[PDB]
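Visitor: Chains as they are written, first to last, in the authors' numbering: chain F, 35 to 242; chain K, 48 to 58, 103 to 126; chain X, 47 to 398; chain Z, 4 to 40; chain 8, 56 to 381; chain 1, 163 to 273, 286 to 323.
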Amino acid sequence: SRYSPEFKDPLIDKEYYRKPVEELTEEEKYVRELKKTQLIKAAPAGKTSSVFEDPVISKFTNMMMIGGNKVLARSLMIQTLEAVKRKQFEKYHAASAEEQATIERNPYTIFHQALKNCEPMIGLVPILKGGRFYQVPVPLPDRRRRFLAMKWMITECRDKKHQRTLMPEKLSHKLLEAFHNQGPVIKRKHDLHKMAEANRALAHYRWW
Amino acid sequence: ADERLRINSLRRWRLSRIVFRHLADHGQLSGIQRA
Amino acid sequence: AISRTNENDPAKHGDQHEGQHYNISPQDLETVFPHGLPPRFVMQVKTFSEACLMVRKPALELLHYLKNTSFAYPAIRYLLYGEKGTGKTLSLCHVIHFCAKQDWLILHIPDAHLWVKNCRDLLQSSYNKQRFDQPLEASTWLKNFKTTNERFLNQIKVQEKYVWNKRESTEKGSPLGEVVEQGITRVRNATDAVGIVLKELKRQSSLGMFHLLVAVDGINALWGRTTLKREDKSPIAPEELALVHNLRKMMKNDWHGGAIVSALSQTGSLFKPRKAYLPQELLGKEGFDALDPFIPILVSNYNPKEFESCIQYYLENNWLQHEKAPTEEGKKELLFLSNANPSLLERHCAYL
Amino acid sequence: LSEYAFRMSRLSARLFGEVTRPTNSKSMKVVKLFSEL
Amino acid sequence: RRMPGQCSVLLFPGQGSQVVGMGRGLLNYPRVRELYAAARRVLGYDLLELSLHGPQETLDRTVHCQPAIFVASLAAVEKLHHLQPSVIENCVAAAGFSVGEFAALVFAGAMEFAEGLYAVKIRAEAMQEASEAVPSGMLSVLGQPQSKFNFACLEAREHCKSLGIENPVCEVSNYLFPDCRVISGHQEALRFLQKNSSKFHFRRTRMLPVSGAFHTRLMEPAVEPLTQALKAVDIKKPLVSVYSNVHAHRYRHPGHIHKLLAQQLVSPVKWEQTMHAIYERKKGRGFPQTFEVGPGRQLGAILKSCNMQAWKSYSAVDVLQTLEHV
Amino acid sequence: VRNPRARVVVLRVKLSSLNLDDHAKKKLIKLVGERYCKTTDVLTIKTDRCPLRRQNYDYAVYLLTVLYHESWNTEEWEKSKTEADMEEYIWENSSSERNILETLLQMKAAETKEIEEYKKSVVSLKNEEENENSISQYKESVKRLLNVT
Ligand SMILES: Nc1ncnc2c1ncn2[C@@H]1O[C@H](COP(=O)(O)OP(=O)(O)OP(=O)(O)O)[C@@H](O)[C@H]1O
Ligand SMILES: Nc1nc2c(ncn2[C@@H]2O[C@H](COP(=O)(O)OP(=O)(O)O)[C@@H](O)[C@H]2O)c(=O)[nH]1
Ligand SMILES: [Mg+2]
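Written out as structure tokens, the structure is:
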């Protein structure tokens with residue numbers, strides 16, 4: 035690393051600095067006074083104080099890049115968002131009066147709910163002894179299941195069975211399927227939840 | 048020699108790697124340092 | 047609805063309508079614009095179920111010029127120019143919609159760049175063995191020309207015997223529609239059918255039978271270079287194409303009874319840098335000499351009133367779905383990120 | 004390439020002593036051979 | 056020693072590229088009409104009319120397709136010479152698929168039009184007779200990574216053994232490109248492959264429209280006639296590197312073409328190895344131009360599957376239509 | 163003591179210090195090519211052909227002499243200088259003049287300082303850099319000449 039150990043990661047949150055000094059508790063006030071003596075790393079290219087910033091979509095875009103091509107990955111992400119938006123507008127226009135109240139048209143809400151519907155709660159962690167890597171059920175951390183939802187969505191969309199259908203079109207279709215609790219990613223979550231129910235012998239090993 | 052060039056027309104220190112290393116290590120080649 | 051104007055008749059727009067969106071009816075969309083609108087404006091029309099164009103100073107100025115045009119003097123060339131995605135094509139569309147309502151005969155070329163690149167079936171013209179034909183490019187245009195001007199194709203009657211083949215000829219006095227029909231049925235005669243149409247439209251307009259509007263978007267293609275090749279991998283010049291050679295005759299001001307309106311475009315150009323937008327840079331010496339004298343009209347980024355009106359139109363259509371877009375901070379960030387550029391603003395709002 | 008530029012260049016070649024006759028590039032290797040030692 | 060990119064490789068198609076309308080767009084070009092006149096003189100029937108306008112059933116017969124392809128390939132070579140003399144001048148290699156070799160050799164100055172056409176003819180009738188002797192066929196199979204070809208041929212053979220037949224034939228006949236092959240032999244074995252592709256892990260299967268199982272031992276009767284047709288012919292040394300199909304390497308001396316051209320008749324076509332031998336090189340080196348002189352564009356697709364970077368500089372000579380009336 | 167790089171000689175002279183007329187200067191610049199730098203108005207002739215340095219100095223002086231003399235000389239052949247090969251843009255006998263004359267004759271049939291401003295605008299747009307100021311001057315001139323308001 036080119037940064038010395040004393041350098042600290044920056045805090046890009048903008049409303050954080052606008053809190054009145056009155057609200058600040060003694061601990062938060064001490065933290066703020068401490069921050070003045072430290073060196074702060076340069077903010078990396080990426081996150082910004084923008085109001086449209088979305089860390090989940092940023093992480094999904096980073097997980098889609100191939101070979102450092104961020105422009106293409108962001109282009110694909112925005113194309114997918116626009117495709118979801120246009121599909122929802124088409125479905126809203128053609129719907130009758132009482133079905134227009136239950137049709138979501140915000141693509142960010144759909145993306146977040148689709149990824150949430152695919153998160154697994156429990157997974158299997160192998161453990162080594164005797165030459166047998168013992169598969170014990172484990173409650174997945176939040177970060178782990180968040181990563182797994184995104185990875186399953188991307189791997190599902192990268193399948194070679196989908197011939198010449200462009201990535202934004204596949205991804206919007208999969209996202210709208212997962213929004214309604216349907217599709218192969220939801221089944222991949224279910225086939226892990228049942229296959230971890232099939233191995234509840236070693237369900238109490240709490241020291242993975 | 049010159050005839051060969053004509054008919055064709057008609058158509103750093105010069106030492107071994109070892110001996111160089113010894114002198115360069117002993118400081119006998121002027122200007123050659125180690126990185 | 048501060049971003050809308052009830053005035054849906056382009057013949058009565060003025061400086062008080064600047065920045066306001068007027069509506070084009072579906073009948074006018076399918077008749078006047080089978081092919082005119084930009085590809086990304088058509089998706090907006092499909093998504094919003096309505097075509098609404100903002101009234102801007104370039105279009106207002108060009109409409110003022112066309113209302114006070116003398117039809118006895120030779121046709122005046124108007125050239126719209128500006129930086130990328132500033133809305134010159136849609137200004138041209140505003141003017142075309144104005145002219146179509148007053149029973150002008152509209153000769154609209156949606157993109158002259160498509161005729162100088164990526165042609166798979168290029169032929170040798172029988173009329174002139176030194177020129178090349180583009181049957182798919184010509185027949186595709188003829189269908190939409192017929193769609194726009196279906197009313198006049200029977201009134202307008204040819205003035206010469208045109209011989210398609212030893213078996214087939216168009217007799218003197220037959221309606222122009224037959225010529226158009228001959229281009230649509232047999233594509234072999236599509237390119238020769240375009241030229242005849244132009245030859246007639248230039249001539250009869252001079253007699254005073256009708257007023258003619260020649261609306262050519264991406265006009266800098268005509269006097270540039272091509273990416274079309276012979277079988278021996280040699281280049282083809284723009285003047286060697288019959289379709290391009292016949293369309294240059296209509297840019298010359300050797301006729302009266304109409305106006306010539308043109309829009310430059312670097313997008314889709316050949317052998318031009320991304321930042322070239324001025325008339326001479328895009329036209330070349332040959333193009334500038336051909337169009338000179340002409341009236342250049344500048345299209346620029348949105349001013350604050352125009353930008354606020356565009357975002358209010360999008361908000362009225364519920365097209366900005368992010369919760370912060372309605373707020374002032376969202377509008378300031380959109381303004382910075384687009385710099386009031388219509389195309390960048392629309393693209394950004396597409397995924398918000 | 005205009006004619007004017009063409010033999011204007013060919014006059015410049017005569018002034019600076021280059022090969023006036025444009026001898027493509029494969030047969031100019033004689034020039035490089037005899038230029039050096 | 057010239058950088059590759061200003062060099063040219065001429066690829067000559069083989070049987071299966073016939074189409075109604077070969078020759079149109081080549082006739083008006085220099086020197087083609089007397090090639091077709093000589094074709095009439097040697098064959099005994101008017102090849103020109105049959106290739107230009109035919110039922111396509113007369114053209115699909117083995118006796119007729121091969122001479123058509125040979126003459127059309129040479130006429131396309133003449134057209135390419137007229138349009139681009141430098142391409143023909145700077146030629147490094149040549150290769151034909153099955154019958155295109157007879158064209159390629161003729162293009163290389165190793166054989167003459169009359170003798171080459173006679174050899175192609177005799178080959179054609181001999182192969183037709185061999186096909187008539189026993190039912191057989193050719194089956195194009197595209198496999199996946201888990202597909203096993205020698206294995207599948209084996210069960211196809213025990214099938215015919217169970218049915219009862221002397222030495223059933225089913226063996227890979229044409230190496231085209233990775234995981235795509237052409238099997239050849241008795242029709243029952245090919246039916247077995249078609250029906251149980253599932254256990255043979257074959258993604259696609261397509262019966263070729265051919266008379267019999269070419270490039271197998273079933274064509275053994277046709278070897279001896281063709282050999283005679285070649286004894287009289289005096290084969291010279293090819294001017295360009297002409298690549299063989301029996302073993303997929305350059306023809307070295309005139310004294311081996313005589314027997315290699317007969318071994319081809321009963322040996323698999325090594326097209327993939329030929330493409331590898333012509334185009335394989337380090338990443339970053341430039342590839343020579345490639346011209347498919349003859350009907351169709353099949354060799355283009357095969358080259359795309361084999362080597363994409365080589366395919367980037369590929370073009371085909373149009374034998375169905377011409378841009379400019381010469 | 164020998165060094166092969168000591169034979170090189172570089173002569174530098176400003177063309178403004180030579181007695182050249184318009185045609186002579188144009189010919190000299192076109193002959194020399196890249197040796198002439200427009201920013202500095204300096205002609206830089208580097209000679210290294212000969213073995214010695216006095217010989218290269220004499221050769222540089224001889225080159226300068228012959229370049230000057232052949233710049234002051236007009237061949238018969240010179241007369242065919244094409245328009246594209248011009249350095250500036252002459253408006254008389256130009257396509258712009260031809261087209262505007264045709265347009266004015268047609269307008270008079272349908273029925286000057288303005289022509290001076292029009293030609294000024296065209297000459298600016300053709301020789302100098304093309305900015306929106308020049309484009310607007312051209313627009314105003316064309317509107318006034320075509321009776322557009
Ligand atoms: N008058 C207008 N009314 C409504 N939207 C407009 C208008 N002008 C521009 N826009 C918006 O800007 C986008 C770009 O406009 P347009 O395609 O006309 O630009 P252009 O300058 O002709 O582009 P190019 O240089 O690419 O040819 C349109 O799709 C629309 O989103
Ligand atoms: N097939 C056919 N095409 C014609 C005929 N007349 C005109 N055209 C076409 O219509 C176009 C009119 O262009 P024109 O005024 O005649 O200029 P030209 O090319 O010099 O002859 C021509 O370029 C032809 O392509 C005709 O009598 N028969
Ligand atoms: Mg445009």
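All C-beta atoms, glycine included, are put in the ideal place defined by N, C-alpha and C.
(1) Answer with yes or no whether the minimum CB distance from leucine 18 (chain Z) to chain 1 is below 8 Å.
(2) How many whole angstroms separate the CB atoms of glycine 78 (chain 8) and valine 348 (chain 8), which I take to be in contact at a CB cut-off of 8 Å?
(3) Go ahead and label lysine 134 (chain X) buried or exposed: buried means 16 or more other beta carbons lie within 10 angstroms of its beta carbon, across all protein chains shown.
(4) Can you have a look at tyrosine 100 (chain 8) and say buried or exposed, based on whether 16 or more other CB atoms are within 10 angstroms of its CB?
(5) At a Cβ cut of 9 Å, what residues of the stretch 230-250 of chain 1 count as close to chain Z, listed as they run along the chain?
(6) Which complete beta strand (DSSP E) runs does the stretch 277-341 of chain X hold, if anything under 3 residues is left out?
(7) On the DSSP bridge list, what partners appear for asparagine 229 (chain 8)?
(8) If distances are taken between C-alpha atoms only, which option among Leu205 (chain F), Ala230 (chain F), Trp241 (chain F) and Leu58 (chain F) comes closest to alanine 117 (chain F)?
(9) Given the structure, does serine 311 (chain X) come close to ligand 3, in the sense that its CB is under 7 Å from one of the ligand's heavy atoms?
(10) Tell me where the alpha helix (DSSP H) around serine 106 (chain 8) begins and ends.
(11) At a cut of 8 Å, does the stretch 287-297 of chain 8 reach the stretch 196-212 of chain 8 through at least three beta carbon pairs?
(12) Which residues mark the beginning and the end of the beta strand (DSSP E) in which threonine 206 (chain 1) is found?
(13) Whose C-alpha, out of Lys195 (chain F), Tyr168 (chain F), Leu174 (chain F) and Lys42 (chain F), is nearest the C-alpha of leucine 73 (chain F)?
(14) How about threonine 93 (chain X): is its C-beta nearer than 8 Å to some C-beta of chain F?
(15) Nearest CA to the CA of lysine 218 (chain X): which residue from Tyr208 (chain X), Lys212 (chain X), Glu227 (chain X) and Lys92 (chain X)?
(16) Can you tell me whether DSSP reads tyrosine 68 (chain X) as helix, strand or coil?
(17) To test your reading of the DSSP string, which unbroken alpha helix (DSSP H) runs of 4 or more residues are found completely within the stretch 193-238 of chain X?
(18) May I ask you to check if the CB of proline 342 (chain X) is nearer than 7 Å to at least one heavy atom of ligand 1?
(19) Taking 6 Å as the limit between beta carbons, can you name the residues of its chain near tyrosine 239 (chain F), skipping five residues before and five after?
(20) Taking Cβ positions only, does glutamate 379 (chain 8) come closer than 8 Å to chain X?
(21) For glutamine 139 (chain 8), would you say it is in contact with chain X, using Cβ-to-Cβ distances shorter than 8 Å as the test?
(22) At 8 Å on the CB atoms, spell out the chain X contacts of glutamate 306 (chain 1), in chain order.
(23) Select from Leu109 (chain X), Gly333 (chain X) and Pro350 (chain X) the residue whose C-alpha is nearest the C-alpha of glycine 60 (chain X).
(24) Assuming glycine 151 (chain 8) contacts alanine 159 (chain 8) under a Cβ cut-off of 8 Å, what Cβ separation, rounded to an integer in Å, is found between them?
(25) What residue does the beta strand (DSSP E) around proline 173 (chain F) start on, and which one ends it?
(26) Mapping the DSSP letters down to three states, classify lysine 163 (chain F) as helix, strand or coil.
(27) Identify whether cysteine 199 (chain 1) lies in helix, strand or coil by the three-state DSSP scheme.
(28) Would the stretch 123-140 of chain X count as touching the stretch 337-347 of chain X if we require 3 or more Cβ pairs under 8 Å?
(29) Assess contact between the stretch 248-257 of chain 8 and the stretch 330-347 of chain 8, defined as three or more Cβ pairs (one per stretch) separated by less than 8 Å. Is contact present?
(30) Residues of the stretch 23-35 of chain Z with a CB closer than 7 Å to any CB of chain 1: list them in chain order, please.
(31) Under 8 Å, Cβ to Cβ, is there at least one residue of chain X near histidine 146 (chain F)?
(32) May I ask you to list the residues that DSSP assigns as paired with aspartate 289 (chain 8)?
(33) How many Å lie between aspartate 210 (chain 1) and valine 204 (chain 1) at the Cα?
(34) On the three-state DSSP scale, how would you describe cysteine 165 (chain X)?
(35) Along chain X, which residues have their Cβ under 7 Å away from the Cβ of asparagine 140 (chain F)?
(36) Below 7 Å on C-beta distance, what does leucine 168 (chain X) contact in chain 8?
Guide: Walking through what the data contain:
(1) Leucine 18 (chain Z) counts as touching chain 1.
(2) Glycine 78 (chain 8) to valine 348 (chain 8), Cβ: 14 Å. No contact.
(3) By the 10 Å Cβ count, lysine 134 (chain X) comes out buried.
(4) Around the beta carbon of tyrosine 100 (chain 8), fewer than 16 other beta carbons lie within 10 angstroms, which makes this residue exposed.
(5) The stretch 230-250 of chain 1 vs chain Z, Cβ under 9 Å: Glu232, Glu237, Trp239, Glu240, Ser242, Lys243, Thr244, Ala246 and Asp247.
(6) Taken in chain order, the unbroken stretches of beta strand (DSSP E) that lie wholly in the stretch 277-341 of chain X and span 3 residues or more are 304-309.
(7) For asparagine 229 (chain 8), which the question treats as bridged, DSSP gives the partners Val237 (chain 8) and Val324 (chain 8).
(8) Of the candidates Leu205 (chain F), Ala230 (chain F), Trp241 (chain F) and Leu58 (chain F), the residue whose Cα lies closest to the Cα of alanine 117 (chain F) is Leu205 (chain F).
(9) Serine 311 (chain X) Cβ: within cutoff of ligand 3.
(10) Start and end: 102-107.
(11) Contact fails: fewer than three Cβ-Cβ distances are below 8 Å.
(12) Where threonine 206 (chain 1) is concerned, the enclosing beta strand (DSSP E) stretches over 204-209.
(13) Per the Cα distances, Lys42 (chain F).
(14) It does: the Cβ of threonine 93 (chain X) has a partner Cβ on chain F nearer than 8 Å.
(15) Of the residues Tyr208 (chain X), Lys212 (chain X), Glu227 (chain X) and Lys92 (chain X), the one whose Cα lies closest to the Cα of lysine 218 (chain X) is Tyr208 (chain X).
(16) For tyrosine 68 (chain X), the secondary structure class from DSSP, reduced to helix, strand or coil, is strand.
(17) As far as the stretch 193-238 of chain X is concerned, its whole alpha helix (DSSP H) runs of at least 4 residues are 198-201 and 222-231.
(18) Placement of the Cβ of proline 342 (chain X) at a distance of 7 Å or more from every heavy atom of ligand 1 is found.
(19) If you ignore the 5 residues before and after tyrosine 239 (chain F), its C-beta comes within less than 6 Å of the C-beta of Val170, all in its own chain and listed in chain order.
(20) Output row for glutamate 379 (chain 8): interface = yes.
(21) Chain X, which has a Cβ nearer than 8 Å to the Cβ of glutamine 139 (chain 8), makes this yes.
(22) By Cβ distance, chain X contributes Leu324 and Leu344.
(23) Looking from the CA of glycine 60 (chain X), the closest CA among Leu109 (chain X), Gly333 (chain X) and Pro350 (chain X) belongs to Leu109 (chain X).
(24) The Cβ separation is near 4 Å, so the contact holds.
(25) Note, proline 173 (chain F): beta strand (DSSP E), 166-173.
(26) In the displayed model, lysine 163 (chain F) falls within a strand according to three-state DSSP.
(27) Strand.
(28) Yes: the two stretches touch, three or more of their Cβ pairs being nearer than 8 Å.
(29) The stretch 248-257 of chain 8 is not in contact with the stretch 330-347 of chain 8.
(30) Along the stretch 23-35 of chain Z, there is no position whose C-beta sits under 7 Å from a C-beta of chain 1.
(31) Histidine 146 (chain F) has a beta carbon lying at 8 Å or more from every beta carbon in chain X.
(32) In the DSSP secondary-structure assignment, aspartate 289 (chain 8) is not bridged to any residue.
(33) Distance between the alpha carbons of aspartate 210 (chain 1) and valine 204 (chain 1) is about 19 Å.
(34) In the displayed model, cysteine 165 (chain X) falls within coil according to three-state DSSP, outside both helix and strand.
(35) Residues of chain X passing the Cβ test: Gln367.
(36) Against chain 8, a Cβ distance below 7 Å from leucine 168 (chain X) picks out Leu378.
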